[PDB]
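K.L.:
Here's a sequence, model it:
(11 chains)
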Amino acid sequence: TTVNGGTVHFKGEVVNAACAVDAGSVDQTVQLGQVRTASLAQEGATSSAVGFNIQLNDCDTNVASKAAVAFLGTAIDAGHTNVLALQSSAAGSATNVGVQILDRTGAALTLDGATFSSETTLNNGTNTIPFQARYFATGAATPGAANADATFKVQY
Amino acid sequence: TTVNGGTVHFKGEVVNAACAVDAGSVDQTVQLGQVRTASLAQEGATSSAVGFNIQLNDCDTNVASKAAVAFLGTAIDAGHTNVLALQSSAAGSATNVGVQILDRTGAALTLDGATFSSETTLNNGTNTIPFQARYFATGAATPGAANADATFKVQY
Amino acid sequence: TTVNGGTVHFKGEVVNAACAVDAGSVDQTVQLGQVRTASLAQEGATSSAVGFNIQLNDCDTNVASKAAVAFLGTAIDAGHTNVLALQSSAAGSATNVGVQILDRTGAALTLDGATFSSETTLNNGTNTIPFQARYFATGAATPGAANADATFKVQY
Amino acid sequence: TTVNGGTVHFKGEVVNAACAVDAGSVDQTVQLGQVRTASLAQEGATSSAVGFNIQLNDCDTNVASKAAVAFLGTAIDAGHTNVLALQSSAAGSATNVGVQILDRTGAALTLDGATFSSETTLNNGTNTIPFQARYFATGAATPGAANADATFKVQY
Amino acid sequence: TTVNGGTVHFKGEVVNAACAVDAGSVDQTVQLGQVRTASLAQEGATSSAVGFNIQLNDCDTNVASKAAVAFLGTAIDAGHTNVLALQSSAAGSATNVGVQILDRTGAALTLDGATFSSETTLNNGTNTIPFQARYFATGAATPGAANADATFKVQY
Amino acid sequence: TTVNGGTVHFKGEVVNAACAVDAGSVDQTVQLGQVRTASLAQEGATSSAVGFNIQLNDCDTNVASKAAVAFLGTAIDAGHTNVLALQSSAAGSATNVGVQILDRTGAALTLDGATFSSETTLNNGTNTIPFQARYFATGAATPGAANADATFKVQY
Amino acid sequence: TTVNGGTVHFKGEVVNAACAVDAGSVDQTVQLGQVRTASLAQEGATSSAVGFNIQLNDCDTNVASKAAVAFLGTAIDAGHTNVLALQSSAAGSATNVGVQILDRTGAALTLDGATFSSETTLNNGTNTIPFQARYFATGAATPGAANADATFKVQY
Amino acid sequence: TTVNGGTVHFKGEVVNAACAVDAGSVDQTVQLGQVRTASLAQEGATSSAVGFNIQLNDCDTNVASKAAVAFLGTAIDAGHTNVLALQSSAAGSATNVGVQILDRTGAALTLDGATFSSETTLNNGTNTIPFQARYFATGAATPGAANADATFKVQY
Amino acid sequence: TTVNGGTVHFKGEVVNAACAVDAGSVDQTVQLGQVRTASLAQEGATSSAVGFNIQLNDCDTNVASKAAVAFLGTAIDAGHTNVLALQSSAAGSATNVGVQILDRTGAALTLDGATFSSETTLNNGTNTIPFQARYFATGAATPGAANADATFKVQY
Amino acid sequence: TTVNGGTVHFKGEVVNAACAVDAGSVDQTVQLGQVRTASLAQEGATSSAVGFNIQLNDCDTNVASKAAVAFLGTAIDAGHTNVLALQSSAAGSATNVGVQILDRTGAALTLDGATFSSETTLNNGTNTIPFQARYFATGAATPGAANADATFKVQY
Amino acid sequence: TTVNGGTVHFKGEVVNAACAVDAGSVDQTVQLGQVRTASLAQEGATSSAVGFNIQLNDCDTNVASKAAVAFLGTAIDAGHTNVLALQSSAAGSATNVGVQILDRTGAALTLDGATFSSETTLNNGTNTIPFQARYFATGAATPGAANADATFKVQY
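P.N.:
Residues are numbered from 1 along each chain as shown, chains lettered A, B, ... in the order given. Below, you will see the structure:
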């Protein structure tokens, strides 16, 4: 007495390099929280800040004992190259505001897909490259939904 | 020697009001536990009860030294307005049963998104508004999976 | 060295009213699950039930601090006005069965496009109006594929 | 005991260049959402904004380690060269409004099929070039259906 | 106050056999993607490969607990009987290239309308017979549009 | 250096009434699927059923806040006035079978061009009037091609 | 045992120039929709607007990296040179109305067969030149059938 | 109050054999497209190629489970027996060029009315025998209109 | 430098009544298809059946909100008054066979020019009165060419 | 064993000028349709209007890059020089009515054989000069058959 | 003041058997991760491995106290019957590699839709059948995107 179920959908990658990503760690999701224009209403204001993490597994330091990352993603302005713009349904989200990411070095990384981060040190096996998320305003902000996306390119 | 990773997805909000939510505290998840119809099989039975928590951070009492919450969510019946109904895949979950939430005041709150809770007192900075979860039956219950959802609206 | 790609297709609406829909939330898709005639074979049986959600964004309560919804869609019978009939390729799907939706009030809503739901309370900004999906049989059911569709009209 | 079925229709391209498009990513569809003239009724208003994505696969950086895109599509006006006009059945859609796309650089791209975007950096293999969609009004807008189309030309 | 609309056109089949096709699943359309001669320029090269699906519904295993498929369609050569040739407007599409389909068994099926596939196992109700599409070159290929068609005959 | 192309052919209507049809929605085409006489071989059998949709755009409720539809088209018999007969090349299609359409009310509508449907409720702007297609046999059916046509008259 | 069938009729062109047309794309047909005099009853009114597309294939930019189009077709008036008049059986169609086409530039093109459009940019291979169709009234319009035709001349 | 209309003209055939043709499928018309001498200017050049289809309906495999086709039509030369010549008004069409048809086997079929094609396999009911149209030059071609005709004889 | 062309020949009618015919719709031509004596060899056999259409335009319901049609044409026999006989060159066509037309009511209409059809309902403007063509044998048929003609008289 | 057939009759022209006519396009026949005195009963009434086409082939723009047409034919009155009178068997056709032709410019052309039309632009090869036919009454019209003829003179 | 929203689309099944699937658990998606050819470049190599889960709900052991699963899906080779092949856009994904699934028994299951798994033990209510995903190479692998699909058939 057999029956039908449905469909399964596996994902992943195959990439020939030093480390290997737990792509859930990249596809990891964050809830930065609920934020106010009471503080984040200035051309330069940084709200308080929240952590982010990366996971690598089973890594050979001989191919590359080091690593870094570049990001891309829709930035706001040519004078705010390290800021990420938001992506939610139209007429909903906020304005005069973006998102900033901080390296291990506390560094505002550019969204170009070239601006590689600091050369992380890699052990054998497993590592972690934590970044710290926050908002970096671009003037008096709108009370709006906040939702974003950025692509995770890596250097070894 | 660069490589691809994948996608990142940040979340949050921007809301101009007194306090600011750690939206993980709202998106906080509970495992109430495994429960029996041995006790929860009556039009009025309350199973034993479990705690729930809220987190606010960096709050100015001058905008609002107080706060409260209304909830909404699929209730069961018009005579059981303070009960929450369950949301799991069909043919699986239980019946003749719902969920109750209790305020700081031990109060059965309504699921309408208007029925604001007790006016919490707010300090400067950080606060906590714990609620207590439990089941509130609506007759002899089914042995079924229990899974729910409710939206978290706030007053300041 | 340029090349061809292909076509892009954007969608949306422009509607002058209080709130604004994340039309992905309406075009949101559900997988209620796999269900049995072991329970859903009666003129009145309700299978266990699953949740559904709505999203509004950047809403002014002054235009309308409230809101509701009517639905339409192919119902089955004039004596089952709150039931939705199924829409899959012919000779495949089930029979003597439909679908029910439940309001926040646990209410069997009619498929007419007029039967507005309960007057939701609207904050400023962003809200959620969860409904709960389930099957509502119309006698002993066929083992058949289950697939449906309903249109999402709104009141403010 | 054989029977008839029907017709199948495969699609694709063959193009000799650096990367190769997942033409579903171009033929990718967006639901920007439902939008209001409450905000989008000005010669310059930008509604809140939503994300868009591109996919390339199995790319050799030696042919071209870089890439960009030009778009074409029916724009509205010669003074609004970066705006896209809407394409739905006549007498239905809105007016005094169009659509804007934003580069990774937050750039209003022209609809000519020549105005190549920023030179994306390409790794080996797989990349992503996210754009951000929104409306850019051209005065007080009509409440109308919103539906669009734009062609996706690429530079390597 | 009545008005004119226009014409409707329904389609389908009536076939007396074990299963019944969701002829949208056959008339299902694929966008394999954009492909390069950088890899697909050899008498035998297989580009990377994409999936395809079939849908049957409400099937009796007693008439036939099994099933298979033959295809026909314009192949290229008598020495490439399992390859499908392309069908787009003249002077546009590519050359020295075709299309291959793969069975559940990873099998290059012939385009004759007789070469029945592997005997799929059929449950009661609903099934799926996924195939995998790709290109199978016949020498150094032209950069050209790629567009195809194949007829879907079935065995029970 | 100019050249010849060919001919273009636009279509449409101009009708002075409440709503306006996206006549593609009427000229919309359906593939109901492949169907069996295993179930559809009775004077009254209804095969499983598939959905159909209508689109109106930019509608004023003041001219008419309501609407309905009558259909015409070659029916089979005077005792089967709500059934549609099939229209394919002769000696090909099936027999002892027709097609049924179901209103929003699940109603077998007559093919006369007068039998107006239920009075749909019309909002401002855009609406949808989904119908559900299926076969309604007239005895033991032939295995034959199934192809139909019906005209779409409207009431406001 | 042979039999008769009938006649086949192929079509096309042979033209020595840069690109080559998919003459189905020119002979492409549109259903603009059903339209009202409620809006289109003014000497200058533009109904909402619908898209149109062109297809070129296997194009050499060295012969001509650019291209444009002129149209001809029965216009209405010498003061409405960019308007197309309608062509349906007599006493049927509407009056005090025509049709407008819009370039990629949103430009009212003349029906002369000389007024070449904007110089499109041509890649190698395949391109698309979308136009946008709509009605451009010439006073209070008749409720009448709408049907048109225009010839597609090209510049390289 | 009766009136005159006009004349109707039905067509068809009556032929006693295995299958039965949808003679619209034979009388089916193709628009191969617009083609260039840039590629089609050689004694042997094949332009890129487009598909063609056939339709049979309600076929008994017992009379003949197989089928094929011969063609006739004005060919060009005794050394180009598989080429079709063009038929348009004099002084208009092209020269040093013809048309080729390809079988399911990718076979240049002769225009004699005897050269039967590959023995297609016939199911019960309905089948399809797709051919692929293209040009096969006979030297440097004229830029001329392209228009053709060929008769469709069948084997069972 | 003028030249000669040739002759033009316009046609039509002028008739004072409710609706007005698109006399192309009457002079519309059908290709019913190729048919077999395998089924159509009985005193009463009806081959499978194909559709036919009528077009009226710009109609006033006040002169006549209704309409119908009578036909005439060479019938076969006084006992087969609803059958149409065939008209092709002598010694060619078939025998023991005719043609049947079916009303919207599925009605065998008489060829007399008096037997008015069902009273169609007429809207304002444009309507359609589809009929369905098929063969109605008069015994074992000849394999012969099939070609017919019938005159289209109308009632308002 | 030879037999007799009959007579063949070819036609055409030989004219030394820029373009060459597909004299079927001139000898092309139109069925304007059935028309009413309900609208066409005024000294100036124009019924709704239908299209007409011309075909030229293999044209050299160097002899003449331009072209136009004059018409002649039996007009009605010296005050209605642009109207064409009707030519059917006597006592049959209508009266107080004629026919009008419209240029590409929407121009009432004179029937003299001198009044050359607008200077069409000619490409190389093939062109089209569409005109639009309609009736232009000369008072209250008779219900009568409508049939006409006009000669097609050309300028280069 | 009502407005339009959009469309909803529910899904599911109705199947008469012991347990009932949370078809989200089948339609559950996995991100296995990013993988290297540094280890997965051998005819037999198994990369490290990741978990997968199933969900059943409200199950009666009396109909069936046991259960198992067969899978189907495009495998690679007849000598690698337990391997799943990948399905992403062409020219993108990897090669000389597939995917393996492991039963509760650590068993390489076949993709046939018949090879039922181990007989799971079923309690009353709710169960879980975890599988473990990994790659099983077929030689030295390509660095390519990895994406798959497999159908979930069940035994009770």
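K.L.:
drop to CA atoms for contacts and neighbour counts, all remaining ones
P.N.:
OK.
K.L.:
Tell me how many other residues crowd residue A:33.
P.N.:
By other CA atoms under 10 Å in any protein chain shown, the residues close to residue A:33 number 23.
K.L.:
now residue A:99
P.N.:
24.
K.L.:
residues contacting it?
P.N.:
A:83-86, A:133-137, A:148 (CA atoms under 8 Å, 6 or more residues apart in numbering or on different chains).
K.L.:
Would you point out the most distant pair within these?
P.N.:
By the measure CA to CA, A:137 and A:148 form the most distant pair in the contacts of residue A:99, at 14.4 Å.
K.L.:
Can you pick out the residue with more neighbours from those two?
P.N.:
Under the criterion of other CA under 10 Å, the comparison of residue A:137 against residue A:148 puts residue A:137 first, with 25 against 20.
K.L.:
quick one: that one from residue D:49, how far?
P.N.:
16 Å (CA to CA, to the nearest Å).
K.L.:
Drop anything exposed from the contacts of residue A:99.
P.N.:
Listed as buried from these are A:83-86, A:133-137, A:148; burial here means 16 or more other CA atoms under 10 Å in any protein chain shown.
K.L.:
Nearest to chain I among those?
P.N.:
Closest approach between those and chain I, by CA to the nearest CA: residue A:86, at 50.6 Å.
K.L.:
returning to that earlier point: among the buried ones among the contacts of residue A:99, which lie within strands?
P.N.:
A:83-84, A:133-134 (DSSP state E).
K.L.:
Turn these into a markdown table, including distance to residue D:125.
P.N.:
Below are those laid out as a markdown table (distance: CA to CA, whole Å):
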| residue | distance to residue D:125 |
| --- | --- |
| A:83 | 26 |
| A:84 | 24 |
| A:133 | 28 |
| A:134 | 31 |
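K.L.:
Any idea which residue of chain A lies closest to chain H?
P.N.:
Counting by CA to the nearest CA, chain A gets nearest chain H through residue A:4, at 28.7 Å.
K.L.:
Surely residue A:66 touches residue A:122?
P.N.:
Yes. Contact criterion CA atoms under 8 Å: residue A:66 and residue A:122 qualify, at 5.2 Å.
K.L.:
Just the buried residues of stretch A:44-58, please?
P.N.:
Here stretch A:44-58 shows A:45-47, A:50, A:52, A:54-58 as buried, counting by 16+ other CA under 10 Å.
K.L.:
could those residues go into a markdown table alongside secondary structure?
P.N.:
Listed next are the buried residues of stretch A:44-58 as a markdown table, based on DSSP: H, G, I helix; E, B strand; the rest coil:
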| residue | secondary structure |
| --- | --- |
| A:45 | coil |
| A:46 | strand |
| A:47 | coil |
| A:50 | strand |
| A:52 | strand |
| A:54 | coil |
| A:55 | coil |
| A:56 | strand |
| A:57 | strand |
| A:58 | strand |
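K.L.:
Just name the closest of those to residue K:28, please.
P.N.:
So of the buried residues of stretch A:44-58, ranked by how close each gets to residue K:28 (CA to CA), first place is residue A:55, at 22.4 Å.
K.L.:
The residue lying closest to that closest one once chain neighbours are set aside: neighbour count?
P.N.:
Using CA to CA, 6 or more residues apart in numbering or on different chains and skipping residues adjacent in sequence, the residue nearest residue A:55 is residue A:128, 5.0 Å away. For residue A:128, the neighbour count with other CA under 10 Å is 14.
K.L.:
which ones are touching residue A:128?
P.N.:
A:53-56 are the contacts of residue A:128 under CA under 8 Å, 6+ apart.
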